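The structure appears below as structure tokens.
The numbers here are math on the coordinates, done by the rules we state, and not lab data. Here the Cβ positions follow ideal geometry from the backbone for every residue, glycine too, while neighbour counts run over all protein chains shown.
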Amino acid sequence: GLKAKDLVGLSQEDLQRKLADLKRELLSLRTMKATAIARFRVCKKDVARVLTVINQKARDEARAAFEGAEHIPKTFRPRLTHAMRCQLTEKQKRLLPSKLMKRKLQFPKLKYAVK
Amino acid sequence: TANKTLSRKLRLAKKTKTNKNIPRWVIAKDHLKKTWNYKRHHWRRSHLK
Amino acid sequence: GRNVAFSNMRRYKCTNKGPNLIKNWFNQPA
Amino acid sequence: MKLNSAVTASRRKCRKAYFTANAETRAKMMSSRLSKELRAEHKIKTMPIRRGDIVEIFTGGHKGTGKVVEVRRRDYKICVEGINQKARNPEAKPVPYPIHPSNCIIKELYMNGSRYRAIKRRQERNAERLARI
Amino acid sequence: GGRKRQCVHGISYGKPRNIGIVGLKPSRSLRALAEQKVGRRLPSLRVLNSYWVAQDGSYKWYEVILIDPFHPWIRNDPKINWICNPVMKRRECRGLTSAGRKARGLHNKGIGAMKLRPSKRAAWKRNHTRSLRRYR
Amino acid sequence: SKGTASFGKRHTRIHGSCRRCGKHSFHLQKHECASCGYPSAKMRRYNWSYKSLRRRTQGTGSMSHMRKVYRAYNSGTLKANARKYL
Amino acid sequence: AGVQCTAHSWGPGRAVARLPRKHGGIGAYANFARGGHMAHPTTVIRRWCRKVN
RNA sequence: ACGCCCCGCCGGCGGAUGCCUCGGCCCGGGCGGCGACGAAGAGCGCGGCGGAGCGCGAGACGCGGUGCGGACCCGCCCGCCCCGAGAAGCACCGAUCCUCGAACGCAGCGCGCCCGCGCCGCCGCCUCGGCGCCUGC
RNA sequence: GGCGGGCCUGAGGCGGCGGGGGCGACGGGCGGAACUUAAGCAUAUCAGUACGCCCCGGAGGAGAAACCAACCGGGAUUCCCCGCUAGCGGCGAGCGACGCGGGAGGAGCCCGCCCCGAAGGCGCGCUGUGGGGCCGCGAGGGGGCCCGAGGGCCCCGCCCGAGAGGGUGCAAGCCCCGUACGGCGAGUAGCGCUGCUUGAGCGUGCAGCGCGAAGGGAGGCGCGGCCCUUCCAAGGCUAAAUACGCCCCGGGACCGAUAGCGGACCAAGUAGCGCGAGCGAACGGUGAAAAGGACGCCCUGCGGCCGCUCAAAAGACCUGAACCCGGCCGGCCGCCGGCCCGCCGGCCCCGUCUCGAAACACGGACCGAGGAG
RNA sequence: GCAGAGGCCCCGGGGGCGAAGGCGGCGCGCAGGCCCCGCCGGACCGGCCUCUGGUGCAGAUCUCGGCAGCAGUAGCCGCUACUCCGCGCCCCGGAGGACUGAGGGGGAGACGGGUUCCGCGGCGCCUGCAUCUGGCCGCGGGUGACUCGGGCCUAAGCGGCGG
């Protein structure tokens, strides 16, 4: 059938037009199946391919538009887990009060050997 | 019953659609040797719901 | 019975239910 | 004796793997000894069996030479041309006798272009090993 | 006031020791109850401590200090940054506030408190465990 | 009349199907699911019947999100998180 | 094992042995019943290892 | 003749006894990784021929990307077949993701209001209340 | 009086961020039984258990002494070894810690107060902010004999850092995969009264109420005095050793299809059953290969016969027991004894409690598997 | 005697030149039992020493499965009824005789079931006799609303409500 590699550089309008025809070919194929077929299986996946390429481009352009924005959309946010997304950054967790940090510098960790 | 809700009707429809025997080609493809679908129901003997 | 020293073993508790009050040492060589 | 705890010596786990192997594993489990002449040219002992390979059966039953036209991966057996069961009547479609890849020697390989690359990779790794590590 | 067991009609059947519904006394202070009550009303905040504000014959009022563990100032302040740890989630529900700790006997230490140390339940489990070692 | 005669007036549907568990356990007069617990936010889970807990628990269904996250944790999600912690 | 089922003795007057029976009337919960518990179930508390000086 | 008995001989009916065994069970390790960015669960749908299971979600028995892998795809087909063209298979990654469900316009399958619309908490901000404490006219 | 502001207390809305619900374990908080044991039964025991509810986490809780002790002293916590005894108890049945000693593992600190005060996280805040694993190679076997097919025999070899194992037409190191070898501190403490709890006994921990300190706590017999030894409560944090299911991995003097999970079988928590809560089965195996049955004769057809494929029908399936049954052939028929063998002689129905059972005592149609120190 | 474990079985135990099992027959032992032989069967199996146990069955109103004799026995007695001819079935069609008797064995709805509905093909299953019938089985189809009902309103109730 179609290959995604071919449709990746196609206008969003051209991909939108191609989907319209592939979906009309999915009506005619369904109609001929019921009224009385490798093409049906092929055109179902072709509609899927055009739809993956259309979505990837819009999601990519949208990601880029809100990239470098405070509060980017939730779909474009990192994966993580609820637990990881509520955790404390290892900079926040290793923050020590000024006095405690001073005593770390005052008495630095050392290497020694006992005979 | 002649007055049913769409939700009740839809679950009943699925029960009718799936009350079918194993397709003969599937018996050949899978080499089943166990032709009966044991999930098949009969309105007279079975109580759905 | 006859001349025996009375046992000072307490009766097993929570044997089939409740907290697991029996520990096993098959993890010892590991 | 195996010194890798991660490999299993359980009959059940070994036989579960054999009868539930993924097709890539199943294909390498279906390998045959390359012929002495083919072994010298390709410098590798065994190749996975493929359609169009000419094999000679050394096993006594249904023993002959032929071309594999069908690989039955699910039953781990191959169909050689000429190796067929006696037909009930003369005018009937031939039924192939399934032969185990192990029972045959590969006299000729269907060379292709990927196989040329694959037999070369194997021989490069066999060079590193034969260089005594 | 004192507690009245929720048994229908006042009847707690069974052994006579386990009868008696009015005049029973709560095992947790009313300070602990005050902190458990504000935990349920606001489960998005972590409870730090509470103090007595006022009393009447009918009611006793306690003010509870609760921390938002997801505010920028709190997360980056090293002094209160520990409240943001997940293990301090609804600490009152696990008896970890000062009043809950008193009610669990953890203000006492030494003789008197040696069967209530990891926990009352844990001590009983460590004492009543049967070891069954290999080379017994 | 307690037996067969009394069983001829059975033409009522005491319990319909729950929206959350799909079982024929949702009382239509009481509007509560004998099994799901619905309308309650929590599930009706009782430690007396372990066999009722092995009937509809985590792992009975697809576990789509959980399977995909657990697989990803074995691959590259722990590392993306270490990147986020920095 | 053998105790996962719900079985109760049918009683003393139904012309059946007093062993515990499932809802259908099927023997259950006994050494002599198919699907029943071992009379004395084997257990890991056996001393597997002896001691030598 | 029947019924037994069994002097052998041969049929049934049954499924014991063997032998196996991709399953239990116990014991160690490891892991500890769900969810309002919609979890667990559930209902419907989805295959060329398609009942159940598994899997998917109107992009549906899947689709894209990157690396491997190298001839097949259970049936009938179809698609492949080739120094790459690319079947089985294999990770990893990006998406899609119906209805219900913590379940979120209100209901449970029916009705709004606006150009999306649940609750509670925190921190900001906007709008304004009070014969609260005051102050100027 | 009425109109503006500030402060203080509220009210509605909008933004950003959080909460909710899940998991048969392990863990923390609570509420909380009874059966049972006491040969009865109220205290007690069961049991600080089942179960109900709430809350986390990869562990949790605990934790750096208002500690123990009484020493020629130790020194946060948790965990293991030990003593099980001090004690408790209708001082009955029962119940029951700890310190020392041996180890695992070890790690310490903060705030309030106090001083400066906006130096701060600066819309806030002076009612106080700040600071003091993956990826891979991978050795070495022939001949003869017989089989349906060696992986069998019978000679002769070869590899081994590999003779773990699996597959292959029969028992394979060398047929195949693999295996061995490799890279990338105040409503508080206390006290009075009360309830629950503990081994804690004129009170172990907890709590309601009433009352309420100032130097106070503890030292296992209460009170009053005087010493001594030893510590700082009524605020907060903390790793490690410890536990444990789902799930993945590996092992076993384990089970072998009525066993082992309820569930080994394309579709088991399934089919089925119950208004519901809930209950819940049964069913493994042809062969090496589907080669799954050639042909012909007969029949209205079904089917029958002859065979065929196969080593074998093994024909819907391996073996194929007993009970029971049909055909044919022999016999007049229970057991024990003597004889050639149908006579003669003996012989009540076992198990069981019972003084005593053939009992008109009770269980038992038959068979097979399971079935209890 | 059983089932496993650790060893042995003088060139490394016995086995498709036939293992276990099954059936019949000797022998051997006081006996539990064992051994062989023939036949079926078609891949495993031991003897001895040491070790281990979920280790022996006639019974339990035993469990589960098979299944006998009774026994071709009891039964197949509501709802008045069928008969002739047509290929002829109890089906169909024609002709007779009848029934339910307008509170029908009649035509429709509510509830409940959920495809039973229709048309065609069928008799493997069911149709307690038979079937060429069917509520059965296979294949294909079937339910159309501005006006009917839901939806809407309120009833007894039930929920919600700063708290």
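Under 5 Å between amide hydrogens, built in the peptide plane, is the criterion, and for D:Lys77 it picks out D:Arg72 among residues at least 5 positions away or on other chains. If you run the Gaussian network model on chain D, springs between alpha carbon atoms under 10 Å, then out of D:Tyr116, D:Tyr76, D:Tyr97 the most flexible one is D:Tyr116. With Rh defined as the Kirkwood radius, the inverse of the mean 1/r over Cα pairs, the Rg/Rh of the range D:47-123 is 1.04. Straight-line cross-link reach from C:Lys23 at under 17 Å between alpha-carbon atoms covers these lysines, not counting any fewer than eight positions away in the same chain: C:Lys13, E:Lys125.
State the percent of C-alpha pairs, over all pairs in chain D, separated by a distance greater than 20 angstrom. The calculated P(r) of chain D puts 56 percent of pairs beyond 20 Å. Summarising the label geometry, the points placed 7 Å from Cα in the beta-carbon direction at G:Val16 and C:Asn24 lie 3.6 nm from one another.
Only one residue of D:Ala131, D:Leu34, D:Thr65 has its Cα farthest out toward the positive end of the dipole of chain D, where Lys and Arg carry +1 and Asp and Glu -1 on Cβ, and that residue is D:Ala131.
Once you have the alpha carbon radius of gyration of the protein assembly as shown, what is it after dividing by 2.2 N^0.38 Å, with N set to its residue count?
1.49
Looking only at trypsin sites (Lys or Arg not before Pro) in DSSP loops with at most 16 other Cβ atoms within 10 Å, what is the longest site-free stretch of chain F? Longest run free of exposed loop sites: F:57-86.
Cβ-Cβ distance of D:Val69 and F:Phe7, R₀ of 56 Å, FRET efficiency by 1/(1 + (r/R0)^6): the value works out to about 0.25.
Over the protein assembly as shown, DSSP H runs of length four or greater, each weighted -39,500 (n - 2.57), average out per residue to a 222 nm ellipticity of -9000 deg cm²/dmol.
Which FRET efficiency, nearest 0.05, do E:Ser131 and G:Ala1 yield, Cβ-Cβ r, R0 22 Å? E(calc), rounded to 0.05, equals 0.25. In degrees, nearest 10, range 0 to 90: what is the angle between the Cα axis of helix D:114-130 and the longest Cα principal axis of chain D? That works out to roughly 40 degrees. The relative contact order of the range E:34-136, computed from alpha carbon pairs under 8 Å that lie at least 6 residues apart in sequence, is 20 percent. Karplus-derived 3J(HN,Hα) values for the range D:90-99, using 6.51 cos²θ - 1.76 cosθ + 1.60 with θ = phi - 60°, are x, 8, 9, 4, x, 10, x, 8, x, 10 Hz; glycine and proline are entered as x. For A:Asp6 and A:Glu61, what does the FRET efficiency come to when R0 = 30 Å and r is the distance between their Cβ atoms, rounded to the nearest 0.05? My answer for the efficiency is 0.90.
Given the pairs B:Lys34/D:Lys28; F:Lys2/F:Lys30; A:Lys93/E:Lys89; A:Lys33/B:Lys17; F:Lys42/F:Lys84, which are separated by over 22 angstrom at their Cα positions? Violating the 22 Å Cα-Cα cut-off are B:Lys34/D:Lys28; F:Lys2/F:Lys30; F:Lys42/F:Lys84. Between the helical axis of B:6-17 and the longest alpha-carbon principal axis of chain B there is an angle of about 20 degrees. For the range F:9-24, backbone nitrogen atoms closer than 20 Å to the point 7 Å from B:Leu6 Cα along Cα-to-C-beta are found at F:17-20, F:22. With a simple spin-label model that places each label point 7 Å from the Cα along the Cα-to-Cβ direction, the separation between A:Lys45 and D:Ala6 comes to 3.5 nm.
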